[PDB]
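Naming follows writing order (A, B, C, D and E), and every chain is counted from residue 1.
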Amino acid sequence: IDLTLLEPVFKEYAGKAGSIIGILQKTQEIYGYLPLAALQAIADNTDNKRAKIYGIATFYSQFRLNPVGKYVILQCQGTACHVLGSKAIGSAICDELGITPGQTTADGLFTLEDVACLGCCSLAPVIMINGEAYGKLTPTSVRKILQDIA
Amino acid sequence: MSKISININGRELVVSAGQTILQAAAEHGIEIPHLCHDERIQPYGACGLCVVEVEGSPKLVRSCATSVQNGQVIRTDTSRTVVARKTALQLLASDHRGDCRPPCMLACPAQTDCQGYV
Amino acid sequence: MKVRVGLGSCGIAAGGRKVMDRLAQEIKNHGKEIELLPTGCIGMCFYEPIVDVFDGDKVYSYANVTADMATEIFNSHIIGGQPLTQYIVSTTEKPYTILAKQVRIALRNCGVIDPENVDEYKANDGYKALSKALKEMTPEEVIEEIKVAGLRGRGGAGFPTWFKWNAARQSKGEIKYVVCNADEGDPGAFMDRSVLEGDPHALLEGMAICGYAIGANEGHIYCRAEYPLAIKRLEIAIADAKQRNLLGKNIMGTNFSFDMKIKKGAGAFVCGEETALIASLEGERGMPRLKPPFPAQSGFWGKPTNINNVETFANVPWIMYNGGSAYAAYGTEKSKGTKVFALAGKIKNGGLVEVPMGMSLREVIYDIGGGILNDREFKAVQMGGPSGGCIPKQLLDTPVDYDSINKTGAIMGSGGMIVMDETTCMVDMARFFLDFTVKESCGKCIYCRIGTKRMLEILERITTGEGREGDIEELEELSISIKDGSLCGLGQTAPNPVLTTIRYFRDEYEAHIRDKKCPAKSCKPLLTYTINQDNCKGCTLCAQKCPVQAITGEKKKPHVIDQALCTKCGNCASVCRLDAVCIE
Amino acid sequence: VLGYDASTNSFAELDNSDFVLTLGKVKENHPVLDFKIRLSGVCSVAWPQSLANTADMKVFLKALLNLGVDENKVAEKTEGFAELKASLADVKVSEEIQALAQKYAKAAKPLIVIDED
Amino acid sequence: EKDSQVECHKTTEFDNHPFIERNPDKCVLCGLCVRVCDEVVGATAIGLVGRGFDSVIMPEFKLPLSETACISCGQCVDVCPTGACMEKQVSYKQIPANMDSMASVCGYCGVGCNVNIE
């Protein structure tokens, strides 16, 4: 664990009231998730009532408590993509990759997550992979794309 | 001063400013259901069982979170409040696992408390 | 020569950086002095990535451009002066027909100015309203001009500003706060991200103006962290405004000081509501509190606070500059201003549309959107997202306003257009919208905690084929009670999709329940498959594309579908060229 | 008319009214009631002595009806309101009757104290 | 009565605290326990975890209650309206009964808190 370089984050954000969310976002940007040791380190040296830290980290719709792969898949699950049939794309992803949403692949290369909306609703369905968006998508297209990446 | 007086459920009562309607009704023997109310801490508004109808308000108000004023008319046993409380209790009973009374007592025809004297 | 590229978030969903760096390489090799400017989307997110070319006083747009297409553009048109007529869809003499009916007010800088440069905003009549309000008008004059302008509130709500905005100004306290609720938790509605990435200087000017008017010196932006490009552009604009004495202390010599801070939210849909957002800003769990007390009497840390959308703060300076008397002519009587919508779904010309109110929905769907994608039959339009309602095929004549949309059971909300044709199951759409509110409820009050899950269980049981008699009655009984008793605004307008699709599409619920079949035939387990023996001749195209082999038959003879083995995936009819696969 | 030959409100509610209309000689017959009304401080208007005829009260009813009452609620809650409206068709309204009716209909929570003697 | 087609959360809880028993199956999520432990006691040994149906009240970092900052005061027990929080048995075998109550004062501290012995 990289706690030595986690020390500057709460060494700089200290003294700001209501700074639990910012500390948690920086910790997740560093580690890719929120390990229990990092939460314990945040609870120490900044008090902030450890139970409240855990409740904040759990709520907030987005904070990963588990490690992720090198390429993070974010499937746009908005209204426009669901109208055009993103369920079939999700089924194709689950069939080809053998994983369920919220989990990680065995080789640690792909991680499936469902987001509310990516916002590029004109090119529905959309899939985000490490900030690269693929729009106007079909299951054959996503299978070819994931084969080309891997 | 001037004797702050409210009118709840048909009766006229003399109360003190700063108190909630829940406390004021309970001081005069009027029962309003509540689950999430403690008079020594702040209001929460989770259960919603303390809803009453107050004249001048379009929607039901939570008597655990509204302080008494002068000359306000309150009803606690209307159709709307009873419907809301029954729906809330049905939703709560939709999630509860437990034995209120043991099997031995419920099998007795006279419902003697077998667990108690055993 | 001027080249504009609408490279933004939707551009990343297209060629995006490819056309930009290819054009940069081409101009680097040629060595010409041509100004390449990254802009935001015009609003036509289809046909992206948009490229605008300036020849003299003429502007051409012939986009859908890749790296090879950009190279051909540079070789043929940028140097040779020859347009490619096979890609031309908009010229100066022939502009976009879609923008012909659009009174562009909120997007008057999108696709025109450089968002990362304050100079382009200043050259496009920007920040002049700021100087006018600072030097020539009093804050009371600002409030009265807003009042004659007819502004009451944007982003749902509806209560008038003068009872909340002027009330926030009149609120006692040495410290007042301004919050711009720049989180757009609505799926499919992306007006705030588009404004932030296309013209953040207008929003910064607007927030400065309302801060000057209400007497607040410090303000916050509640912006989600999945909005980086927007955060980077906003911080660049903030740095530029600090550098050019447009922000900070003593702007244009005037005594009023205004400083900016950017707060990145964690991204929860319930973290709006003006009481959960306060708790999020306060560093706690976003859970709605009890109203009353209102944030006008106790908001940020117990201090009075004014919270408004980006739309309101954008509209305020543009009212300030010209005058609210001009905007009283546009639209209906009861509500004034302009509306910003995002058209999506089974539509042809989808994307962001700027409109006035009073304009009929059939105009928006057909005349502006080009009709229905694949020329299908229009069925319904959804307004407000998961918290909104549905409008059927019989009410396209309803004008867009607060009162008319409130009449038909829907909610304005963020103002999102979803177009659904006859191939969308309505019960599945209600189930989807209710699943979104189930996944985004804070679970404090018991109605939104339990009842909205009970309705979801009913809907998922209907959309499988295990529904019973009376499920409509249980749905109505749950919906009215959840709407009445929920503490937060999320659970109050939670059953609006079910309540609007149960009175406008009640005949399909019975079809899913009694007949156990799906009228739209897009509702998986409620189907059956048959082969027409007359209109198909044994090419085995469907049986080859069913990798379980539940369809048996010889060559040049009609096949037989085994019902006990096929799982009704839907690929038995997607490839049949003779269309003899009947679905019942 | 109402079902019970009794007053519909208590004396304890005299302090929260914003208008008290006195009919009869309450001061001379029940003077402690006048003590309470005076100490409460609410606005009290006595029925004029020059209106000792029931036709003046009918003019009062007509002036109240012309001030915009809800006809549908009183139609569904009463019997014989249509004939009451018909019998007040050609009733003229005077100035003092109009002033009294305006005072009564303007106030949110009025009481009428009638001396039975 | 319960319908089998709806789901109630069943727990396999293992919290062998010597004094405080917590049953999430009987919780109505009124939040009185966390509010008292935060605002009154100040230990903040318990808190909310999750959203919606998945909201559950549990100690810090899902640790046992004996591994956290608990005082074992029992105020969470005293404010609970249901059987989700109960205190442990002082007698040889405790039972549900209507106990007789006598008012006395505590015999340990000079603060002299008033008690009801049941």
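Basically, a contact is a pair of C-beta atoms (placed from the backbone, for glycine too) under 8 Å apart; a residue touches a chain by one contact, two chains touch by 3 or more.
Graph distance from chain A to chain B, where chains that touch are one step apart, equals 2. When every chain is represented by the mean of its C-alpha atoms, the one lying closest to the mean of all protein C-alpha atoms is C. A count of C-beta contacts for the chain pairs B-E and A-E puts B-E on top.
Taking each chain's centre as the mean of its C-alpha atoms, chain C lies 46 Å from chain E.
Work out the mean CA point of chain B and of chain D, and you get 38 Å between them.
Between the Cα centres of chain D and chain E there is a gap of 60 Å. Contact with two or more other chains is made by residues 285, 440, 442, 444, 446, 450, 454 of chain C. Shared interface positions of chain A, defined as residues touching 2 or more other chains, are 52, 55, 59, 61. Of all possible chain pairings, those that touch are A-C, A-E, B-C, B-D, B-E, C-E.
Across the complex, chain A meets chain C through its residues 17-22, 24-25, 52, 55-56, 59-63, 77-80, 82-84, 115-124, 126, 131-135.
Against chain B, the residues of chain D that register as touching in their complex are 10, 12-13, 15-16, 109. Looking at the complex, you find that chain C touches chain B at residues 289-290, 292, 444-447, 450-451, 454, 481, 484-485, 487. Partner chain C is touched in their complex by these residues of chain E: 5-7, 28-29, 31, 48, 50-55. Chain contact summary for the complex, chain C toward chain A: residues 9-10, 12-14, 45-46, 48, 185-188, 190, 193, 225-226, 264-269, 280-286, 342, 344-346, 350-351, 382, 385-386, 416, 418, 420, 424, 432-433, 436, 440, 442.
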